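Student: Just so it is clear, I am handing over entry_27.json, which has JSON, C-alpha atoms.
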[["chain", "number", "residue", "atom", "x", "y", "z"],
["A", 1, "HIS", "CA", 74.46, 110.00, 112.86],
["A", 2, "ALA", "CA", 74.97, 106.78, 114.78],
["A", 3, "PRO", "CA", 78.04, 104.52, 114.48],
["A", 4, "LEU", "CA", 77.93, 101.86, 111.79],
["A", 5, "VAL", "CA", 78.15, 99.10, 114.43],
["A", 6, "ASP", "CA", 75.09, 100.51, 116.29],
["A", 7, "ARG", "CA", 73.09, 100.55, 113.02],
["A", 8, "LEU", "CA", 74.10, 96.97, 112.25],
["A", 9, "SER", "CA", 72.93, 95.91, 115.75],
["A", 10, "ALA", "CA", 69.65, 97.66, 115.07],
["A", 11, "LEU", "CA", 69.34, 95.79, 111.77],
["A", 12, "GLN", "CA", 70.09, 92.50, 113.52],
["A", 13, "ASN", "CA", 67.29, 93.12, 116.00],
["A", 14, "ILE", "CA", 64.87, 93.87, 113.13],
["A", 15, "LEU", "CA", 65.89, 90.67, 111.33],
["A", 16, "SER", "CA", 65.62, 88.56, 114.52],
["A", 17, "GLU", "CA", 62.02, 89.72, 114.85],
["A", 18, "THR", "CA", 61.12, 88.87, 111.28],
["A", 19, "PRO", "CA", 61.61, 85.07, 110.63],
["A", 20, "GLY", "CA", 60.30, 85.07, 106.95],
["A", 21, "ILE", "CA", 63.25, 87.32, 106.02],
["A", 22, "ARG", "CA", 66.90, 86.72, 105.24],
["A", 23, "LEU", "CA", 69.65, 89.18, 104.38],
["A", 24, "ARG", "CA", 71.40, 88.15, 101.16],
["A", 25, "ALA", "CA", 73.85, 91.04, 100.96],
["A", 26, "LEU", "CA", 74.70, 94.40, 102.46],
["A", 27, "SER", "CA", 76.75, 97.36, 101.27],
["A", 28, "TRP", "CA", 77.78, 100.66, 102.84],
["A", 29, "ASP", "CA", 80.10, 103.50, 101.88],
["A", 30, "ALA", "CA", 81.46, 106.36, 103.93],
["A", 31, "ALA", "CA", 80.40, 109.12, 101.49],
["A", 32, "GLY", "CA", 76.73, 108.07, 101.30],
["A", 33, "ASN", "CA", 76.61, 106.45, 104.74],
["A", 34, "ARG", "CA", 73.51, 104.40, 103.88],
["A", 35, "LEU", "CA", 72.87, 100.69, 104.24],
["A", 36, "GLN", "CA", 71.95, 98.98, 100.93],
["A", 37, "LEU", "CA", 70.35, 95.60, 101.57],
["A", 38, "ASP", "CA", 69.47, 92.69, 99.34],
["A", 39, "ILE", "CA", 66.76, 90.71, 101.13],
["A", 40, "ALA", "CA", 64.82, 87.50, 100.56],
["A", 41, "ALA", "CA", 61.28, 87.27, 101.93],
["A", 42, "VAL", "CA", 58.92, 84.32, 102.04],
["A", 43, "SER", "CA", 55.97, 86.58, 101.21],
["A", 44, "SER", "CA", 54.81, 90.16, 100.61],
["A", 45, "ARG", "CA", 53.52, 90.15, 104.21],
["A", 46, "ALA", "CA", 57.01, 89.33, 105.55],
["A", 47, "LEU", "CA", 58.66, 92.02, 103.41],
["A", 48, "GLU", "CA", 56.17, 94.67, 104.60],
["A", 49, "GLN", "CA", 56.75, 93.54, 108.20],
["A", 50, "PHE", "CA", 60.47, 94.10, 107.74],
["A", 51, "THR", "CA", 59.89, 97.51, 106.15],
["A", 52, "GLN", "CA", 57.55, 98.62, 108.95],
["A", 53, "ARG", "CA", 59.72, 97.22, 111.72],
["A", 54, "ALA", "CA", 62.73, 99.19, 110.40],
["A", 55, "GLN", "CA", 60.85, 102.44, 111.13],
["A", 56, "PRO", "CA", 61.08, 104.87, 112.88],
["A", 57, "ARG", "CA", 64.78, 103.98, 113.44],
["A", 58, "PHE", "CA", 65.43, 104.15, 109.68],
["A", 59, "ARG", "CA", 63.85, 105.70, 106.58],
["A", 60, "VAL", "CA", 63.31, 102.84, 104.10],
["A", 61, "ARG", "CA", 63.61, 103.36, 100.34],
["A", 62, "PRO", "CA", 62.58, 100.27, 98.39],
["A", 63, "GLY", "CA", 64.46, 99.46, 95.24],
["A", 64, "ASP", "CA", 63.66, 96.92, 92.56],
["A", 65, "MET", "CA", 61.94, 93.64, 93.56],
["A", 66, "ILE", "CA", 61.54, 90.20, 91.96],
["A", 67, "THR", "CA", 58.38, 88.37, 92.94],
["A", 68, "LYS", "CA", 58.07, 84.68, 92.25],
["A", 69, "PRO", "CA", 55.85, 81.91, 93.67],
["A", 70, "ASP", "CA", 58.63, 80.88, 96.15],
["A", 71, "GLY", "CA", 59.29, 84.37, 97.53],
["A", 72, "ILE", "CA", 60.43, 87.88, 96.90],
["A", 73, "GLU", "CA", 63.98, 89.08, 96.40],
["A", 74, "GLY", "CA", 64.70, 92.73, 96.39],
["A", 75, "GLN", "CA", 66.71, 95.71, 97.38],
["A", 76, "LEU", "CA", 66.06, 98.19, 100.15],
["A", 77, "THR", "CA", 68.10, 101.22, 101.24],
["A", 78, "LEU", "CA", 68.10, 102.21, 104.93],
["A", 79, "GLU", "CA", 69.14, 105.69, 106.00],
["A", 80, "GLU", "CA", 68.97, 107.23, 109.45],
["A", 81, "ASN", "CA", 65.71, 109.02, 110.17],
["B", 1, "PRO", "CA", 76.63, 87.05, 112.55],
["B", 2, "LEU", "CA", 77.45, 89.94, 110.23],
["B", 3, "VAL", "CA", 77.24, 92.40, 113.14],
["B", 4, "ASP", "CA", 79.84, 90.40, 115.14],
["B", 5, "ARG", "CA", 82.21, 90.40, 112.18],
["B", 6, "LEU", "CA", 81.84, 94.13, 111.73],
["B", 7, "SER", "CA", 82.56, 94.62, 115.41],
["B", 8, "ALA", "CA", 85.70, 92.52, 114.97],
["B", 9, "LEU", "CA", 86.71, 94.64, 111.98],
["B", 10, "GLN", "CA", 86.08, 97.84, 113.97],
["B", 11, "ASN", "CA", 88.41, 96.60, 116.71],
["B", 12, "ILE", "CA", 91.12, 95.85, 114.10],
["B", 13, "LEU", "CA", 90.69, 99.31, 112.51],
["B", 14, "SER", "CA", 90.75, 101.16, 115.85],
["B", 15, "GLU", "CA", 94.14, 99.55, 116.54],
["B", 16, "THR", "CA", 95.55, 100.51, 113.13],
["B", 17, "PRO", "CA", 95.98, 104.24, 112.71],
["B", 18, "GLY", "CA", 96.97, 104.82, 109.09],
["B", 19, "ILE", "CA", 94.02, 102.80, 107.74],
["B", 20, "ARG", "CA", 90.64, 104.21, 106.69],
["B", 21, "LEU", "CA", 87.63, 102.22, 105.51],
["B", 22, "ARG", "CA", 85.95, 103.82, 102.50],
["B", 23, "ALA", "CA", 83.29, 101.16, 101.80],
["B", 24, "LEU", "CA", 82.24, 97.63, 102.68],
["B", 25, "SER", "CA", 80.09, 94.91, 101.09],
["B", 26, "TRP", "CA", 79.03, 91.47, 102.23],
["B", 27, "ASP", "CA", 77.12, 88.72, 100.58],
["B", 28, "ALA", "CA", 75.70, 85.49, 101.99],
["B", 29, "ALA", "CA", 76.87, 83.30, 99.11],
["B", 30, "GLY", "CA", 80.57, 84.03, 99.58],
["B", 31, "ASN", "CA", 79.93, 84.80, 103.24],
["B", 32, "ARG", "CA", 82.65, 87.33, 102.45],
["B", 33, "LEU", "CA", 83.54, 91.01, 103.36],
["B", 34, "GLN", "CA", 84.86, 93.18, 100.52],
["B", 35, "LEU", "CA", 86.55, 96.34, 101.83],
["B", 36, "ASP", "CA", 87.65, 99.48, 100.00],
["B", 37, "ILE", "CA", 90.47, 100.90, 102.08],
["B", 38, "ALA", "CA", 93.03, 103.68, 102.18],
["B", 39, "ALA", "CA", 96.40, 103.08, 103.89],
["B", 40, "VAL", "CA", 99.03, 105.74, 104.53],
["B", 41, "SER", "CA", 101.91, 103.28, 104.05],
["B", 42, "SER", "CA", 102.71, 99.75, 102.95],
["B", 43, "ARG", "CA", 103.68, 99.32, 106.61],
["B", 44, "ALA", "CA", 100.16, 100.30, 107.75],
["B", 45, "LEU", "CA", 98.57, 97.96, 105.20],
["B", 46, "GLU", "CA", 100.71, 94.99, 106.35],
["B", 47, "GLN", "CA", 99.85, 95.74, 110.01],
["B", 48, "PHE", "CA", 96.14, 95.65, 109.14],
["B", 49, "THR", "CA", 96.56, 92.45, 107.15],
["B", 50, "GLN", "CA", 98.38, 90.70, 110.01],
["B", 51, "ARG", "CA", 96.05, 91.96, 112.73],
["B", 52, "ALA", "CA", 92.99, 90.71, 110.77],
["B", 53, "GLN", "CA", 94.30, 87.14, 111.17],
["B", 54, "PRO", "CA", 93.47, 84.55, 112.41],
["B", 55, "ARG", "CA", 89.91, 85.95, 112.74],
["B", 56, "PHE", "CA", 89.75, 86.42, 108.96],
["B", 57, "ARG", "CA", 91.55, 85.15, 105.89],
["B", 58, "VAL", "CA", 92.79, 88.17, 103.93],
["B", 59, "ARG", "CA", 92.94, 88.32, 100.10],
["B", 60, "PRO", "CA", 94.35, 91.51, 98.59],
["B", 61, "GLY", "CA", 92.98, 92.81, 95.26],
["B", 62, "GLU", "CA", 94.17, 102.56, 97.96],
["B", 63, "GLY", "CA", 92.51, 99.32, 97.03],
["B", 64, "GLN", "CA", 90.18, 96.46, 97.73],
["B", 65, "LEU", "CA", 90.71, 93.66, 100.29],
["B", 66, "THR", "CA", 88.50, 90.60, 100.73],
["B", 67, "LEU", "CA", 88.06, 89.11, 104.24],
["B", 68, "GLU", "CA", 86.56, 85.62, 104.68]]
Could you render the structure from this file as structure tokens?

Tutor:
Amino acid sequence: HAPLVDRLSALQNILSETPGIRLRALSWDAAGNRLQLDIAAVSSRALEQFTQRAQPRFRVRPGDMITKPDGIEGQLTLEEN
Amino acid sequence: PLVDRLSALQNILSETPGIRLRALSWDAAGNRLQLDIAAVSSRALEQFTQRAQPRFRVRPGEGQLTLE
């Protein structure tokens, strides 16, 4: 149960390593203590790279996704592993 | 960066006993932080509001505050 700031730093590192990804939004609440992310990815490869790179630090639960010819937009939930 | 802004917010909160953060949301389009907070007093809320400036602009909605 790491501090929120430490988990955000971890997320920043993961994002810095994955250039075909951008964070569009983030939400957190004290009761659930999970990070809900809306992400934009240039391709399915870039999204999977983000998902893999977030482990084993986090457990990743994908939400809904919208795939179009210009990229993928979707939601992911990160919880501590 | 979002992480730097959270760190800034943490510093503000650590200096303001009487304030608790219940939830937070950020989006790129507004480049904005929406906070659900609990304050023990109007006094504590005003101290938070003042301490958050000039780093952030504070827009008030227990309640919701928006920091940009």

Student: What are the nearest atom pairs, with distances in Å to one decimal, for all residues of chain B that come at most 8 Å from chain A, using only C-alpha atoms, set out by chain and rising residue number as a tab-separated table?

Tutor:
residue	atom	partner	partner_atom	distance
B:3	CA	A:8	CA	5.6
B:6	CA	A:5	CA	6.8
B:7	CA	A:5	CA	6.4
B:21	CA	A:30	CA	7.6
B:22	CA	A:30	CA	5.4
B:23	CA	A:29	CA	4.0
B:24	CA	A:28	CA	5.4
B:25	CA	A:27	CA	4.1
B:26	CA	A:26	CA	5.2
B:27	CA	A:25	CA	4.0
B:28	CA	A:24	CA	5.1
B:29	CA	A:24	CA	7.6

Student: Quick one: residues within 12 Å of residue 40 of chain A, all atoms listed in the file counted, chain neighbours fewer than 3 positions away excluded, as JSON, numbers by chain?

Tutor: {"A": [15, 18, 19, 20, 21, 22, 23, 24, 25, 37, 43, 44, 46, 47, 48, 50, 65, 66, 67, 68, 70, 71, 72, 73, 74, 75, 76], "B": [28]}

Student: Residues near residue 63 of chain B, anyone? I mean within 7 Å using all atoms listed in the file, not counting same-chain ones fewer than 2 positions away, as a PyMOL selection string.

Tutor: chain B and resi 36-38+61+65

Student: Enter the distance from atom CA of residue 42 of chain A to atom CA of residue 58 of chain A, in Å, rounded to one decimal.

Tutor: 22.2 Å

Student: Just how far from atom CA of residue 34 of chain A is atom CA of residue 60 of chain B, in Å to one decimal?

Tutor: 25.1 Å

Student: To one decimal place in Å, what is the distance between atom CA of residue 12 of chain B and atom CA of residue 33 of chain B?

Tutor: 14.0 Å

Student: When you get a chance, write out N, CA and C atoms for segment 27-49 of chain B, as a PDB file, in the coordinates of the input.

Tutor:
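Output contents, as saved in result-v2.pdb:
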ATOM      1  N   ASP B  27      78.168  89.506 101.183  1.00  0.00           N
ATOM      2  CA  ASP B  27      77.120  88.720 100.580  1.00  0.00           C
ATOM      3  C   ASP B  27      77.093  87.353 101.239  1.00  0.00           C
ATOM      4  N   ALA B  28      75.899  86.790 101.352  1.00  0.00           N
ATOM      5  CA  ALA B  28      75.700  85.490 101.990  1.00  0.00           C
ATOM      6  C   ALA B  28      76.373  84.351 101.254  1.00  0.00           C
ATOM      7  N   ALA B  29      76.348  84.393  99.924  1.00  0.00           N
ATOM      8  CA  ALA B  29      76.870  83.300  99.110  1.00  0.00           C
ATOM      9  C   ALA B  29      78.371  83.068  99.287  1.00  0.00           C
ATOM     10  N   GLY B  30      79.146  84.144  99.312  1.00  0.00           N
ATOM     11  CA  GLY B  30      80.570  84.030  99.580  1.00  0.00           C
ATOM     12  C   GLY B  30      80.789  84.014 101.081  1.00  0.00           C
ATOM     13  N   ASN B  31      79.826  84.580 101.806  1.00  0.00           N
ATOM     14  CA  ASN B  31      79.930  84.800 103.240  1.00  0.00           C
ATOM     15  C   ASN B  31      81.236  85.574 103.444  1.00  0.00           C
ATOM     16  N   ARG B  32      81.416  86.593 102.605  1.00  0.00           N
ATOM     17  CA  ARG B  32      82.650  87.330 102.450  1.00  0.00           C
ATOM     18  C   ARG B  32      82.492  88.842 102.693  1.00  0.00           C
ATOM     19  N   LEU B  33      83.532  89.527 103.195  1.00  0.00           N
ATOM     20  CA  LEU B  33      83.540  91.010 103.360  1.00  0.00           C
ATOM     21  C   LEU B  33      84.525  91.637 102.368  1.00  0.00           C
ATOM     22  N   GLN B  34      84.022  92.456 101.458  1.00  0.00           N
ATOM     23  CA  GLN B  34      84.860  93.180 100.520  1.00  0.00           C
ATOM     24  C   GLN B  34      85.032  94.618 101.041  1.00  0.00           C
ATOM     25  N   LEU B  35      86.272  95.026 101.282  1.00  0.00           N
ATOM     26  CA  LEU B  35      86.550  96.340 101.830  1.00  0.00           C
ATOM     27  C   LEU B  35      87.298  97.224 100.850  1.00  0.00           C
ATOM     28  N   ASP B  36      86.874  98.484 100.740  1.00  0.00           N
ATOM     29  CA  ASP B  36      87.650  99.480 100.000  1.00  0.00           C
ATOM     30  C   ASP B  36      88.364 100.241 101.089  1.00  0.00           C
ATOM     31  N   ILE B  37      89.699 100.236 101.048  1.00  0.00           N
ATOM     32  CA  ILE B  37      90.470 100.900 102.080  1.00  0.00           C
ATOM     33  C   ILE B  37      91.477 101.894 101.547  1.00  0.00           C
ATOM     34  N   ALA B  38      91.924 102.762 102.448  1.00  0.00           N
ATOM     35  CA  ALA B  38      93.030 103.680 102.180  1.00  0.00           C
ATOM     36  C   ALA B  38      94.046 103.461 103.300  1.00  0.00           C
ATOM     37  N   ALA B  39      95.310 103.251 102.928  1.00  0.00           N
ATOM     38  CA  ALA B  39      96.400 103.080 103.890  1.00  0.00           C
ATOM     39  C   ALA B  39      97.441 104.144 103.612  1.00  0.00           C
ATOM     40  N   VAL B  40      98.008 104.699 104.675  1.00  0.00           N
ATOM     41  CA  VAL B  40      99.030 105.740 104.530  1.00  0.00           C
ATOM     42  C   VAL B  40     100.371 105.195 104.067  1.00  0.00           C
ATOM     43  N   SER B  41     100.630 103.921 104.350  1.00  0.00           N
ATOM     44  CA  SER B  41     101.910 103.280 104.050  1.00  0.00           C
ATOM     45  C   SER B  41     101.721 101.812 103.779  1.00  0.00           C
ATOM     46  N   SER B  42     102.707 101.196 103.130  1.00  0.00           N
ATOM     47  CA  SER B  42     102.710  99.750 102.950  1.00  0.00           C
ATOM     48  C   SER B  42     102.791  99.120 104.335  1.00  0.00           C
ATOM     49  N   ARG B  43     103.530  99.769 105.230  1.00  0.00           N
ATOM     50  CA  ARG B  43     103.680  99.320 106.610  1.00  0.00           C
ATOM     51  C   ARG B  43     102.310  99.232 107.305  1.00  0.00           C
ATOM     52  N   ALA B  44     101.492 100.271 107.143  1.00  0.00           N
ATOM     53  CA  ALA B  44     100.160 100.300 107.750  1.00  0.00           C
ATOM     54  C   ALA B  44      99.266  99.207 107.168  1.00  0.00           C
ATOM     55  N   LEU B  45      99.358  98.996 105.857  1.00  0.00           N
ATOM     56  CA  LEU B  45      98.570  97.960 105.200  1.00  0.00           C
ATOM     57  C   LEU B  45      98.960  96.560 105.706  1.00  0.00           C
ATOM     58  N   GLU B  46     100.256  96.299 105.844  1.00  0.00           N
ATOM     59  CA  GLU B  46     100.710  94.990 106.350  1.00  0.00           C
ATOM     60  C   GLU B  46     100.283  94.776 107.799  1.00  0.00           C
ATOM     61  N   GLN B  47     100.309  95.839 108.609  1.00  0.00           N
ATOM     62  CA  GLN B  47      99.850  95.740 110.010  1.00  0.00           C
ATOM     63  C   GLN B  47      98.368  95.367 110.072  1.00  0.00           C
ATOM     64  N   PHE B  48      97.565  95.960 109.192  1.00  0.00           N
ATOM     65  CA  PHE B  48      96.140  95.650 109.140  1.00  0.00           C
ATOM     66  C   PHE B  48      95.945  94.194 108.758  1.00  0.00           C
ATOM     67  N   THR B  49      96.652  93.794 107.702  1.00  0.00           N
ATOM     68  CA  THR B  49      96.560  92.450 107.150  1.00  0.00           C
ATOM     69  C   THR B  49      96.902  91.400 108.200  1.00  0.00           C
TER      70      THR B  49
END
